[PDB]
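Scroll down for the structure; my scribbles are underneath it.
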Amino acid sequence: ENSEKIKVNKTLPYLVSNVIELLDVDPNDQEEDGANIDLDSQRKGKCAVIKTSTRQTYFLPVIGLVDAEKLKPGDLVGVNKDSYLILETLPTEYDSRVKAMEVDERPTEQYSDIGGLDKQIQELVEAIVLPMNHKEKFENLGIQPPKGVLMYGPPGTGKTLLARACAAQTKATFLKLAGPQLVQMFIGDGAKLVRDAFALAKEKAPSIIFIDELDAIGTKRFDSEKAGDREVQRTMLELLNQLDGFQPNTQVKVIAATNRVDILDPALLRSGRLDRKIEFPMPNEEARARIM
Amino acid sequence: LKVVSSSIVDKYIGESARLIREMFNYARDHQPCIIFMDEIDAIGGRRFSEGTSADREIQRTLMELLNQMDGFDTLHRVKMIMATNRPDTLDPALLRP
Amino acid sequence: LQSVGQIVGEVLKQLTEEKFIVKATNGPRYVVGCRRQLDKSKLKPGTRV
Amino acid sequence: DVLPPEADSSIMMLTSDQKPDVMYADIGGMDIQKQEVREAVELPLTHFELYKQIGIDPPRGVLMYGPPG
Amino acid sequence: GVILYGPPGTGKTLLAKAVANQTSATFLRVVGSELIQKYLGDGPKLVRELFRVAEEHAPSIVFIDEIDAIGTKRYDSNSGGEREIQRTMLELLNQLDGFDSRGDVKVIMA
Amino acid sequence: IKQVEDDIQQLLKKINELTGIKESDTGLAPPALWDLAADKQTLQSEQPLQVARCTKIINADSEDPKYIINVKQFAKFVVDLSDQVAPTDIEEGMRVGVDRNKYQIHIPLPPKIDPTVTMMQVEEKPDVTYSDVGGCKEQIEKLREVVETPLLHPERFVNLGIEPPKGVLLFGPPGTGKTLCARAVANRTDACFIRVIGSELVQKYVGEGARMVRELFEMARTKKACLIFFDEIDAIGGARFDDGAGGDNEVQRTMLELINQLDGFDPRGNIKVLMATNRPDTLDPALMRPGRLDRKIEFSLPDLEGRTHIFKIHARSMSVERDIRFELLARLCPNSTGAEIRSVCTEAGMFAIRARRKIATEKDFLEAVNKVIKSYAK
Amino acid sequence: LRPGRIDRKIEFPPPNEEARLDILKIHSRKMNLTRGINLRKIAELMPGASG
């Protein structure tokens, strides 16, 4: 009898909602007002809340149809618009799962097929690939791995091609993030996008987060008047703190590249920040021949 | 009680104001408590072109910080730690303890 | 599932012992009643309901 | 039916308080400004009539500029 | 199009008014300074609306009242200065060197 | 007489449509009308998107049968079991598919590589073909090899194992035939000429500018073989390396975003790019650099023989008496580009018209040089 | 400044001793004070100063 009952509410249109507060004591809270003239906002929510997407908040007492401990303060739940009870638990993460996150599960590049790039390859292989595997050596030493790499030099040298070859080789997921993409019209949106990027990364482990730009994620201005450009700064700072906030993960590998030759926007002092320096070597005649 | 500054800024009306206030309220009941603000620069900005683009939010948050001080509230056992990268956007009321 | 939904309100003020001001979120501001099974001691000035 | 408007809350902080508080501390030494405010605020409320008799209106708005700290 | 040049309208202005009666088509007189706006979108949208309006009313006479903004080109094609005045200046050109009129639009410049 | 007939025309169409709407009304229906401006014997069943408009969304899937994908401010509701068949392609929404945002919702059709909503000028085939050639002669020869030849005979290039460039650059003064040349090939080459004015792309609010660049490229990809004509990209073309100083950052972001798409994972396809600069110097090294820009096609001071070809073009319209020869005058005349050469000729016809003669004369020509020599110097 | 985009351009004099006497009189009609005062003296007390 119960099985048919629940099923009917699932067939769409259906309300998904977001649980803001887990808690299961101290009911009552408040939403909406009267009118007349003079304007100051107010909002509230307690006990357990779900805020449904007409922008309405609801008070429910818990059911065992899904367990509340298994639920979180910030979880998507599937609700039966009748009594407003949580029929089911939905997956993890809210809102956008990044508005343009490109996943490359297996790149098509290999570095064993291009020689004459050689000097750069030697350094690259040694940087990324070696900590994951060689972990046992690291553990005995007691030093830890890096987490970020910097590559600088004249663009368009096929610097990126080698990054795509290492990703193919290593068996991490390659995640391409472009720096103007994080920038939005919308206010504070990017920090959520980066936090999410990080979170998706945690689940995927290993991963390479490839960050194009250190110009649209490498400015923050040291100008006195800089307030208007606050958005740009907030995002950049967010990345740096997200790195500084905790103590490293060996689930993420981050590689950063420039797109205009050399700026100063400090992001390299710790190794939880960037610490490895790859330089493009000026062209060697022998190398050019080899490529040819 | 840990603050990440760019989660306080949102694209919704009066959330920064609602959030800070409640947060401050919770500290007085619960006292003693330390509120650690890491890299305030969502509070850092006195404007110059005198916008209200995103800039109205800057004014919203700043005003809240001052409102708590200007009030009949006393951080009774409440401690505040701020982190700033470059200091130049301080208010004239902060110089005074 | 048969059980009734719970709307959140705050009391603005108490008008009569039968009338209350609540600013609800099914609709707008309303004047509402209250159960005669409920205490007078719970009437307290400015509370969540 | 008619009912009067009522409310008195905010979560952006708007208080009507039945308890006055404090006094001037080491923040004092207001005296020059004190005298000007004594004339502005207190007299038109206390005595409306005196101002009408001479024929001159009271104030409606006052501006304070300076840091609130 | 033609260019009428002299110390502000003592006969420039006179001659234009006179000519519209003669010619027996719609006269539209635009104040050119007014195209200048210190707002990123506004100024370009206006010049493109100005051209849009011409096309409907064709044949038509365009009287362009003098600007400050036709005075500056420099040797850059855009600058870190007041960008907009040259951004606008370019679109005036694009409209002109894109499409030639024998009579659909007649231009009087001042 | 006409009126009787017109009334009969409304009425006959009305009865058939009333029956069809009664029927379409049941079970609801997509965005609200039919507009025809193609044929009815070719009807798509893929429609463009980047957001999912839903109105009903009837379908077949086992986990539910009327699944929906939104992201809209009110009703952003989604599938109740992730990644289960929802839209029915573009049923009951006409662009229902998937949201760019994502909520682990089914993709029968992508949120990228689509024409979607736009603000675009697409300009069907011109009519012009040779109108300032003579010193524009070199520019023609090269442009055919770059643009036309790959589309005409692609199969040849593959055997060799050569791939042709993706962009060419135009410089020198516009309206001299630098401009004409791009339309003249556009008409010959038979591929859509898409005109974007870079200056327009510039917007009052950030992130929008990037969005535009992106939209252009998605459309460009779908259609394969197209020409993107960039009108005087320098507004969002280079000048610039200074890294901001107050909204020199916003224009720089657009410039950098274009690079990403070009240097990126995309490949060329059959897509051709024509760039237009004043003096190429302005532009930044990133814009110049190979792996996007390779050939720069130039303009030039036209040789004497050249001038004559342009005059030769003009002389078919213009009533003449050929017993005199324009080339001798032309050697004596200032050396100047193609546009002044047509203009002196054009001036020449007027003098006739005042003279009350119908044929050209030697006399007309003498006069033109004095004005023109004055006009450059203002 | 180009003539005929002009018509009249009119001077407004800087204030004077005669002038000051009579503005004072206008103002006084708004409020009540003693009768038997010589105002004439009072304007004179004033140096130059705005209306």
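Chain identifiers are assigned as A, B, and so on, following the order in which chains appear in the structure tokens; residues are numbered from 1 within each chain, and ligands are numbered from 1 in order of appearance.
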Show me, as a ChimeraX atom specification, every residue of chain F with an atom at most 8 Å from chain E, counting only C-alpha atoms. /F:174-175,179,199-200,202-204,231-232,234-235,239,248,278,282
Which residues, written as a compact mmCIF listing (two decimals) with C-alpha atoms, in the first residue's frame, have at least one atom at most 10 Å from residue F:72, with only C-alpha atoms counted and residues fewer than 4 positions away on the same chain left out?
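Contents of part28.txt, as written:
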# COMPACT_ATOMS: atom_id res chain seq x y z
CA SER A 53 12.63 26.61 -5.32
CA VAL F 51 19.41 26.10 -21.89
CA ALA F 52 16.48 23.81 -21.70
CA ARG F 53 12.99 25.37 -22.11
CA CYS F 54 10.36 22.97 -21.00
CA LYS F 76 15.13 24.78 -11.80
CA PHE F 77 13.82 21.19 -11.18
CA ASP F 99 21.78 22.90 -19.25
Can you build me a table of chain D residues sitting at most 12 Å from stretch 13-25 of chain C, with the closest atom pair per residue and its distance in Å to one decimal, using only C-alpha atoms, sorted by chain and residue number, as a tab-separated table?
residue	atom	partner	partner_atom	distance
D:3	CA	C:15	CA	9.5
D:4	CA	C:15	CA	10.3
D:5	CA	C:21	CA	10.3
D:6	CA	C:13	CA	7.5
D:7	CA	C:13	CA	7.4
D:8	CA	C:13	CA	9.4
D:9	CA	C:13	CA	11.1
Selected residues written out, C-alpha atoms, as an mmCIF file, in the first residue's frame:
data_model
loop_
_atom_site.group_PDB
_atom_site.id
_atom_site.type_symbol
_atom_site.label_atom_id
_atom_site.label_comp_id
_atom_site.auth_asym_id
_atom_site.auth_seq_id
_atom_site.Cartn_x
_atom_site.Cartn_y
_atom_site.Cartn_z
ATOM 1 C CA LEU D 3 -6.176 47.694 12.363
ATOM 2 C CA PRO D 4 -3.122 49.920 13.232
ATOM 3 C CA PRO D 5 0.268 49.172 11.564
ATOM 4 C CA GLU D 6 2.660 47.496 13.914
ATOM 5 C CA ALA D 7 6.026 45.651 13.730
ATOM 6 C CA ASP D 8 9.294 46.554 15.282
ATOM 7 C CA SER D 9 11.937 44.068 14.028
#
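Atom CA of residue F:284 lies 15.1 Å from atom CA of residue F:263.
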For residue A:212, please output as a list in words all residues within 10 Å (counting only C-alpha atoms; exclusion window: fewer than 5 positions along the same chain). residues 160, 176, 177, 178, 179, 180, 217, 255, 256, 257, 258 and 259 of chain A; 260 of chain F
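Residues with any atom within 12 Å of residue C:27, counting only C-alpha atoms and excluding same-chain neighbours fewer than 5 positions away, are residues 31, 32, 33, 34 and 56 of chain A; 7, 8, 9 and 22 of chain C.
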Set the distance at 12 Å and use only C-alpha atoms: which residues neighbour residue B:5 once local chain neighbours fewer than 2 positions away are removed? I'd like the list as a PyMOL selection string. (chain A and resi 188+191-192+233-235+237-238+241-242) or (chain B and resi 2-3+7-10+16+19-20+36-44+58+61+82-84)
Compile the contact shell of residue A:24 as a short mmCIF file (atom, residue, chain, number, x, y, z; two decimals) with C-alpha atoms, in the first residue's frame: residues with an atom at most 10 Å away, counting only C-alpha atoms, same-chain residues fewer than 4 positions apart removed.
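File produced: part37.cif:
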data_model
loop_
_atom_site.label_atom_id
_atom_site.label_comp_id
_atom_site.auth_asym_id
_atom_site.auth_seq_id
_atom_site.Cartn_x
_atom_site.Cartn_y
_atom_site.Cartn_z
CA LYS A 46 15.69 26.38 11.63
CA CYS A 47 14.77 22.94 13.01
CA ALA A 48 15.09 21.25 9.72
CA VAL A 49 14.54 23.38 6.77
CA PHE A 59 9.50 22.65 8.83
CA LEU A 60 9.34 18.92 8.75
CA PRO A 61 9.87 16.29 11.54
CA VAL A 62 12.15 13.50 10.41
CA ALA A 68 18.87 12.32 8.75
#
Once DSSP has gone over the backbone, tell me which residues of stretch 27-182 of chain A are in strand (DSSP E or B), as a PyMOL selection string. chain A and resi 49-52+56-59+75-80+85-89+102-104+148-152+173-178
May I have the selected residues written with C-alpha atoms, as a PDB file, in the first residue's frame?
ATOM      1  CA  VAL A  49      14.539  23.375   6.772  1.00  0.00           C
ATOM      2  CA  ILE A  50      14.190  22.705   3.165  1.00  0.00           C
ATOM      3  CA  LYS A  51      14.030  25.571   0.973  1.00  0.00           C
ATOM      4  CA  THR A  52      12.042  24.773  -2.110  1.00  0.00           C
ATOM      5  CA  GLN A  56       9.571  28.931   0.274  1.00  0.00           C
ATOM      6  CA  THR A  57      10.969  27.328   3.595  1.00  0.00           C
ATOM      7  CA  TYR A  58       9.436  24.283   5.238  1.00  0.00           C
ATOM      8  CA  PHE A  59       9.500  22.649   8.831  1.00  0.00           C
ATOM      9  CA  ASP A  75      22.204  18.432   0.925  1.00  0.00           C
ATOM     10  CA  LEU A  76      19.806  17.926  -2.001  1.00  0.00           C
ATOM     11  CA  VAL A  77      16.683  15.901  -0.969  1.00  0.00           C
ATOM     12  CA  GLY A  78      13.669  14.824  -2.991  1.00  0.00           C
ATOM     13  CA  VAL A  79      10.421  16.016  -1.262  1.00  0.00           C
ATOM     14  CA  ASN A  80       6.784  14.786  -1.423  1.00  0.00           C
ATOM     15  CA  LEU A  85       8.540  14.968   3.753  1.00  0.00           C
ATOM     16  CA  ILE A  86      11.835  13.740   2.385  1.00  0.00           C
ATOM     17  CA  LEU A  87      11.069  10.731   0.318  1.00  0.00           C
ATOM     18  CA  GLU A  88      14.667  10.193  -0.824  1.00  0.00           C
ATOM     19  CA  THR A  89      18.312  11.357  -0.888  1.00  0.00           C
ATOM     20  CA  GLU A 102      35.797  19.978 -19.575  1.00  0.00           C
ATOM     21  CA  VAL A 103      36.877  16.508 -18.546  1.00  0.00           C
ATOM     22  CA  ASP A 104      39.403  14.673 -20.681  1.00  0.00           C
ATOM     23  CA  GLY A 148      51.640  22.900  -8.016  1.00  0.00           C
ATOM     24  CA  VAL A 149      53.774  23.679 -10.961  1.00  0.00           C
ATOM     25  CA  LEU A 150      54.373  26.944 -12.926  1.00  0.00           C
ATOM     26  CA  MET A 151      55.395  27.078 -16.553  1.00  0.00           C
ATOM     27  CA  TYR A 152      56.473  30.389 -18.046  1.00  0.00           C
ATOM     28  CA  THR A 173      41.632  12.808 -15.120  1.00  0.00           C
ATOM     29  CA  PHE A 174      42.524  16.008 -17.008  1.00  0.00           C
ATOM     30  CA  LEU A 175      40.330  18.951 -16.142  1.00  0.00           C
ATOM     31  CA  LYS A 176      40.676  21.976 -18.289  1.00  0.00           C
ATOM     32  CA  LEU A 177      39.786  25.278 -16.629  1.00  0.00           C
ATOM     33  CA  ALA A 178      40.001  28.534 -18.559  1.00  0.00           C
TER      34      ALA A 178
END
Extract, using only C-alpha atoms, all DNA, RNA and protein residues at most 12 Å from residue G:40, discarding same-chain residues fewer than 6 positions from it, and format them as an mmCIF file with N, CA, C and O atoms, in the first residue's frame.
data_model
loop_
_atom_site.group_PDB
_atom_site.id
_atom_site.type_symbol
_atom_site.label_atom_id
_atom_site.label_comp_id
_atom_site.auth_asym_id
_atom_site.auth_seq_id
_atom_site.Cartn_x
_atom_site.Cartn_y
_atom_site.Cartn_z
ATOM 1 N N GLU G 17 25.015 99.174 0.246
ATOM 2 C CA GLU G 17 24.540 99.740 1.547
ATOM 3 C C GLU G 17 23.127 100.100 1.523
ATOM 4 O O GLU G 17 22.449 99.821 2.483
ATOM 5 N N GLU G 18 22.550 100.635 0.391
ATOM 6 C CA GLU G 18 21.232 100.958 0.193
ATOM 7 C C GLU G 18 20.410 99.645 0.240
ATOM 8 O O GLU G 18 19.289 99.518 0.865
ATOM 9 N N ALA G 19 20.963 98.585 -0.500
ATOM 10 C CA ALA G 19 20.258 97.355 -0.746
ATOM 11 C C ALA G 19 19.922 96.600 0.530
ATOM 12 O O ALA G 19 18.781 96.188 0.720
ATOM 13 N N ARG G 20 20.934 96.477 1.440
ATOM 14 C CA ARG G 20 20.975 95.726 2.635
ATOM 15 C C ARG G 20 19.866 96.117 3.612
ATOM 16 O O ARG G 20 19.280 95.259 4.262
ATOM 17 N N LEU G 21 19.451 97.447 3.683
ATOM 18 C CA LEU G 21 18.557 98.073 4.497
ATOM 19 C C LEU G 21 17.219 97.428 4.263
ATOM 20 O O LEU G 21 16.508 97.025 5.159
ATOM 21 N N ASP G 22 16.811 97.330 3.020
ATOM 22 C CA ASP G 22 15.466 96.883 2.729
ATOM 23 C C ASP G 22 15.250 95.423 2.763
ATOM 24 O O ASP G 22 14.137 95.064 3.040
ATOM 25 N N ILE G 23 16.279 94.492 2.535
ATOM 26 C CA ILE G 23 16.141 93.032 2.645
ATOM 27 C C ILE G 23 15.855 92.822 4.106
ATOM 28 O O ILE G 23 15.119 91.851 4.468
ATOM 29 N N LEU G 24 16.485 93.566 5.078
ATOM 30 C CA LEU G 24 16.471 93.343 6.503
ATOM 31 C C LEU G 24 15.034 93.565 6.916
ATOM 32 O O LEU G 24 14.448 92.751 7.651
ATOM 33 N N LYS G 25 14.423 94.577 6.354
ATOM 34 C CA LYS G 25 13.061 94.925 6.571
ATOM 35 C C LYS G 25 12.071 93.865 6.217
ATOM 36 O O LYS G 25 11.131 93.637 6.964
ATOM 37 N N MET G 46 26.985 96.753 9.409
ATOM 38 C CA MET G 46 27.403 95.760 8.463
ATOM 39 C C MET G 46 28.431 96.378 7.513
ATOM 40 O O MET G 46 28.200 97.417 6.893
#
One decimal place gives the atom CA of residue F:205-atom CA of residue A:264 separation as 26.5 Å
Could you please write out, as a PyMOL selection string, every residue of stretch 99-302 of chain F that DSSP assigns to alpha helix (DSSP H)? chain F and resi 137-143+149-152+154-160+178-189+198-201+208-222+248-263+285-288
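Counting from atom CA of residue F:68, the distance to atom CA of residue A:189 is 24.8 Å.
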Please produce, as a tab-separated table, a per-residue contact table for chain D versus chain G (criterion: any atom at most 12 Å away, only C-alpha atoms considered), showing the nearest atom pair and its distance in Å to one decimal, sorted by chain then residue number.
residue	atom	partner	partner_atom	distance
D:51	CA	G:31	CA	10.1
D:52	CA	G:31	CA	9.2
D:53	CA	G:32	CA	7.8
D:54	CA	G:32	CA	5.4
D:55	CA	G:31	CA	4.4
D:56	CA	G:31	CA	6.1
D:57	CA	G:31	CA	9.7
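Using only C-alpha atoms, we find that the part of chain E lying within 9 Å of chain G comprises residues 7, 8 and 10 of chain E.
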Counting only C-alpha atoms, what are the residues of chain B within 12 Å of chain F, and for each of them which pair of atoms is the nearest and at what distance in Å, to one decimal? Sort the table by chain and rising number, as a Markdown table.
| residue | atom | partner | partner_atom | distance |
| --- | --- | --- | --- | --- |
| B:49 | CA | F:246 | CA | 11.2 |
| B:53 | CA | F:205 | CA | 9.6 |
| B:54 | CA | F:205 | CA | 10.9 |
